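Chains as they are written, first to last, in the working numbering: chain P, 1 to 755; chain F, 1001 to 1755; chain Z, 2001 to 2189; chain C, 3001 to 3189. Positions of the beta carbon are idealized from the N, C-alpha and C atoms, including for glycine.
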Ligand SMILES: *Cc1c(COP(=O)(O)O)cnc(C)c1O
Ligand SMILES: *Cc1c(COP(=O)(O)O)cnc(C)c1O
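Structural data, given as structure tokens:
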């Protein structure tokens, strides 16, 4: 038990107050309470801004000057952001406190202690009971149950065989490994223990309680806890939603696990094509692609769906937000899509936090409270380890029940289908805690901080870009709205000059309006998508606002390599874009290290520092290519290549018309099983059918899926692979990653169904 | 760093040796080495029989008396059981040690230190160097890489969002959680870090190195580390092996994950029927059920496979060992089954340790050294968390490549289909450590200890049974051979009287020989199956050797409940059988607690203690049923029920002939997706196609799989459910579990396909 | 939690036995268990004839001499006169103990620890478990229930007015009175 | 690892700044970092004029008075004369530091810590990480490699015969000589 005691600076002159507080702190030590003593409200505010966990706040209070009243409000306000239920003791004057007694006081203060008129032991006893009560309600229901149960549980005569870790201790390596992870991970790793705890696969007991909690917090009718990631989540939903008799509508921006659902169900796919901009960033699917008549036509025209014309699609999937933080107006999206399908699945894997900050209002599935069952059935999936706080593999299926709803009995057969009979309860616990953190005041507080940090980073870089540009020198710039408007005044600000409170709280600062050139999504309708403040792309010069390469530029590839030599690995990297991921796990000011490294890159680029000094692992690993070359020399050679080969346009061509779907993904998968596939060299790809998906980076969405034909000898899909290969060949050490290829002696191969 | 120094008691009279060793110990302390000082070989033996991890052993050695020579061999032999590579320093006499110089001496001793002729610092220095060498080779490849890499890794700008656990610390619940688990779990929870570690899904870098190590240790051509249990391992293998064009042969004793594979692939199944015994325990599939013409016939006559007569099945699976510890002679099983199928899948989920003890020789898939590809392709699956040492969800697919082998490019598409793109590296790390523990001497030592403990518990029980029997009183008895043979003599023993070294090392003692009535598997051929010593079933009295209930009996359900009140949970409980799982995690002598609790049961049973005293929770909850009864009263009532209802006969009838397969399990699963299913009450079950599998406990194997008909009015399956249901109604608190049922107001229901 | 460990004098010549028991006593102390060490059966007898309440008896046992077999019977018999359900640990030799295995041995011994073949921590953990189970069953049902309920009970807005003794503390006489009788009297009232 | 922390005399009135810096000091100690605490720029200037090697400099900064701006330029300029790549942490005010953000600020400051809004452990971890990176680039190529290699090196079976100095210790005169010059001279031979 930790108590924070703030002595008000407005009473230091009344020394007897200090004496009385010391007597109380003494009484608290005697009962084994850890006592933190603060001598000003400001010291207290700062302690409460740290991650210091306390069980009780006590404070003294003169109650005369207006500045103190405010200090009190601020203090208890700060406490209650992330420590919402902590009990507050006023160590006050009876007369003054009772004169001031009203709803506002009681909102602030939970317990009253007349410091100059009571016994220290009495107050301390009351403080211990309050702290006990607080601690008893602190932990979420699954984590709490697992913990309690493991204190009584007999680890013998059942699996797991290690028996709360004892197995590992039996060899030195096992023992070292055991002590490195500590016992509690092993103690809470118990097998199915029902009447005690319940079952994950049955959704009973404390596992059930945890799922109900999750639903209340995330605004779903029902939530399913998953230990196989959003991979297992997506496989589950799709198993439950479609058979090989069904037509389905699939976002071309879909995860591998969406394709896996196709392969596992045998369903008949039609694809919604997303936009893109000059940076190779994938934008939203436009409203036009979601119109019921657009969908009807795709179905009628497609070789996979023709013979099922006019059949109602059983499932529809959209990825929201995208990898680069394009967030759809899901409320608008639902309206169009539900005119086609009764089952809507928004794959929100990177986006579980959205509900808990007003800035995302309307741009996610679980808006407001659930309960209105008139409308379609909606699934949202979260990888809670992505941008909530949880262990890898932790995941949720969130469900709003509507038309075409699927009851527990039916859906749980799909759940079990993709589950394990022996789940690791450490994962489930982290999933339970993930929810706790978003519950009440803290959900807002945690999300606001990520937004705040990302914005400070964004403004800093806008400011620096502006500064450098006035000296006729180049710099990186953030990818976000350039000119912003305060909606109360009518006042306009460039991004750098904007009040940060406007940027961090007003949605309109992020909305992609038509006519704004920054987003680069040509003819996007208004009020359709926004940019997530926390997905911060940074743009190296080289791409012009018209969508053509400039006379000079700085290739991100070289910047990403420089960054890496400092541990820093951006999540994504195009030709000029570099995306940095801000989360609830980031600490304040940490972005300052990004700036420092981008500045040091700039200083070396301009000095043209020999690669032997700045990138020695590159130079000694490829002596011939990079000897006698500086960093600017390499930027230059890399930019020449971009100019000569126009990969951006190659890209766009490869993504404009979908390749012809010859067979379904399942059918194409089955070719593998039938040993009826072979590795085809790049130059032989035209006319061959992909045995697996092909996902180039960039744009990091599928170019082909399994079962699609590469096309004729004029194939843009094959030619885009040609350019990636060429870049790889010309700049060793800077190779692209393409999912679904095999490189043989530097030559690209894809697995294809036999002739 | 830890040194054990054993001062030979044959030199205590030479007090200068003591002085010289103490000068060494001091010098070691100055180099920050922890020194454990032992003053006899016996003390040293004891220390080395604990889980104490030492980095160096040093000992003095008079080298005159045969007893000391023996003590030395015993000491070093003991060290090297579980601490095989620990350096051994002889603190010796130069002249005597060098006169003794031969290969036997150099096998015992790594380093020679002339303790009365050297400087203590020089010896300390060489000891520190040796200990460093030992510690640098100690850890398996992946755990080591993860550990090293987390020390330098940048947790920012990368998912997972918590960044080495930092995110959790920001709310008080989340901090409690973080600190309960400790930071290292979170610090090794990194996302794909490609050039540093490699990838699980790509099988590269440290991950691939770990799999090659696992394959070497486990005798495979190749291993696949899995983070989704054997559930996921199984789905992978089947996904790789079959389409809806294939016939497949399936052990009717199959895990839910096998059915899942059938439902995911759409393949056409035919079943091999396992034997069974008077106790309700499932036995092995007899060789006749695996004969080429037997299977060819099964196919010919099956509704699901009729029109695919004379197709080679593309896969065949057998569960080995069974839940209760029945192990197949996999050598002979393979010989038969390879005549039908080129792919053999042995599901060894409960059986990962078998290769590392001679007692199991020939009764597991990965026998001797891999290399010969003139044979079938064989898969073995291990749930490494089950009876190896590993966190839940950790699993391996071990493969021997033969005819019909699936290469890497093909198999890995099946791998990913069932994977997650975000694996918890904690799980992987424990899978790497499970391998380490089984590598070399320690594999033998660990598995031998489990066998030794289980045999001690068995022998104690056999003795007690014999003693109580001789006294005209009843007792529990172990389910194992009655009479045993020393094959080196021909001498004969009661299990109870047999030398334990015979029972713990000689396989013939566990073999189920034709005619032997202990096992109960009528007309089983010789050299076909054995019992695993470590799966200990205890048998309560009541079932006669002729397979008919006796005149009295103690129902096991009563015993299981009494064990609950002491926090002992058997993994399996039938009518008269109680199974206790022994593993590498159990500590020595722990079985004694089982004997104490079973004894106290007997004591209360014979005294007919009021249920109010000994089962108060039960009396509290159903006061009307268990009012004014003793424990013996209730056992009598339960036994009367068994006599009247004869559940064993119903079990046997329900398992004699397979239910008719109307549709494949996939086709049936699809009926759920179409909303074409309903909850059907017990009496309306005849005529109905089951939409999910039904697994009653006992015998704990599917009575029906998805798509099978319950049968006509006479249906034995339905009558079996009836008596399960009847038991429950008669004995509230002792309810059976049945997977795939729903119980509504006490009436069993099963989801079936609509008529 | 309190353990009495009795080292058989029939084994003082085997110094490694005392070494292994020392590591066990150390491991128990690390778990906040009070350890009483006794170096002979007679000493153990005398301790057990005092009003000394213990939660576990551990003893070593050569199992060779009839005089020792008798000492063991006498020691555990004494334990169980007034401390009937105190769990008993044989810190034993595996082979000799398992050879002697029968109903008489089991009335003497609840738990087996192969003192020369096991990790001290493992044995210590099993003793703590057994001692916890012992203490949970120790107290008769009303006293036990009063004790438990007082630890979670709200002494306010309820008679008696003294409220777990607080009322008495308000004058020096009442306060002297309160401290003299102690809080538990007032708290169970 | 040695950190110098300069507490600007311009903030001594804001006593809460001092409290927060103390929490950071203690967090740094707990990570076994040596903390030199300086309570004025002038004291800071002097320490940096001595031959004191530090792996990180942290300072507070009110950012109002022209005298302080100069103090900061002078302290950091001094640091970087002879300790050029020492990481500098500003223990600063977010609003003010970020209103002042520009190339000039970035030449002075490598790392930003909002001292009144952050956890002491998060800042200490970031400091340790920066000091680790500094030490790894600190030494020149050959002395670095010699130093590293001598640690893993087998002195035996080749020349010099002294084998990292052990030879010298075998007579009293040689051992005197050996301990006089210390072992590293011989180990790098
Ligand atoms: C990562 C991701 C998934 C898969 O989640 P895992 O938790 O990695 O299995 C599914 N959909 C999207 C959009 C993702 O980004
Ligand atoms: C438990 C088990 C499985 C499934 O393994 P999990 O690790 O629980 O996914 C598969 N087959 C058998 C025989 C099993 O016992």
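- Close CB contacts of residue 573 of chain P within its chain, under the 6 Å cut and outside five residues either way in sequence, are with 556, 560 (chain order).
- Against chain Z, a Cβ distance below 8 Å from residue 1071 of chain F picks out nothing, because the smallest value is about 12 Å.
- With a 10 Å radius around the Cβ and a threshold of 16 neighbouring Cβ atoms, residue 3087 of chain C comes out buried.
- Where residue 74 of chain P is concerned, the enclosing alpha helix (DSSP H) starts and stops at 66–82.
- As DSSP reads the structure, residue 1249 of chain F sits in a beta bridge with F/1270, F/1316.
- Per the Cβ contact rule, the segment 281–299 of chain P is in contact with the segment 320–335 of chain P (3 or more Cβ pairs under 8 Å).
- With fewer than three CB-CB distances shorter than 8 Å, the segment 713–730 of chain P does not count as touching the segment 1025–1037 of chain F.
- Using a Cβ-Cβ cut-off of 8 Å, residue 1702 of chain F does not count as an interface residue toward chain P, since no Cβ of chain P sits closer than that to its own.
- Contact annotation for residue 545 of chain P against chain C: no contact, minimum CB-CB distance about 25 Å [criterion: below 9 Å].
- Using a cutoff of 7 Å, the CB of residue 389 of chain P does not count as near ligand 1, since none of the ligand's heavy atoms is closer than that.
- Ligand 1 has no heavy atom closer than 7 Å to the beta-carbon of residue 324 of chain P.
- Excluding residues up to 5 positions away in sequence, 1270, 1661 lie with their Cβ nearer than 7 Å to the Cβ of residue 1302 of chain F in the same chain.
- Note on residue 1708 of chain F: 16 or more other CB atoms within 10 angstroms of its CB, so buried under the neighbour-count rule.
- About 13 Å separates the Cβ atoms of residue 720 of chain P and residue 702 of chain P, ruling out a contact at the 8 Å cut-off.
- Annotation for residue 292 of chain P: the continuous alpha helix (DSSP H) segment containing it runs 292–301.
- Cβ-Cβ separation between residue 464 of chain P and residue 457 of chain P: approximately 11 Å, too far for a contact (criterion under 8 Å).
- Sorted by position in the chain, P/420, P/421, P/422, F/1229, F/1230, F/1231, F/1234, F/1255, F/1257, F/1319, F/1347, F/1349, F/1350, F/1383, F/1395 make up the residues whose C-beta lies under 6 Å from a heavy atom of ligand 2.
- At a cut-off of 8 Å between beta-carbon atoms, residue 2020 of chain Z makes contact with chain F.
- Across the set F/1552, F/1445, F/1482, the C-alpha of F/1552 shows the shortest separation from the C-alpha of residue 1473 of chain F.
- Residue 2130 of chain Z is a Cβ neighbour of residue 2111 of chain Z, given a cutoff of 8 Å.
- Counting only runs of 3+ residues, the beta strand (DSSP E) found wholly inside the segment 2105–2170 of chain Z occupies 2111–2114, in chain order.
- Listed along chain C, the residues sitting closer than 7 Å to residue 599 of chain P by beta-carbon distance are 3106.
- Per DSSP, residue 1209 of chain F lies in no beta strand (DSSP E); the unbroken alpha helix (DSSP H) holding it starts and ends at 1205–1218.
- Using a CB distance cut-off of 8 Å, residue 1161 of chain F counts as an interface residue toward chain P.
- The C-alpha of residue 1598 of chain F lies about 36 Å from the C-alpha of residue 1044 of chain F.
- Interface annotation, residue 3132 of chain C: not in contact with chain P, CB-CB separation never under 8 Å.
- Taking 8 Å as the threshold, the shortest C-beta distance from residue 2010 of chain Z to chain F does not fall below it.
- In its chain, beyond the 5 residues on either side, 1247 have a beta carbon closer than 6 Å to the beta carbon of residue 1308 of chain F.
- The DSSP-derived three-state label of residue 347 of chain P is strand.
- Contact annotation: residue 569 of chain P and residue 1528 of chain F have beta-carbon atoms that are not nearer than 8 Å.
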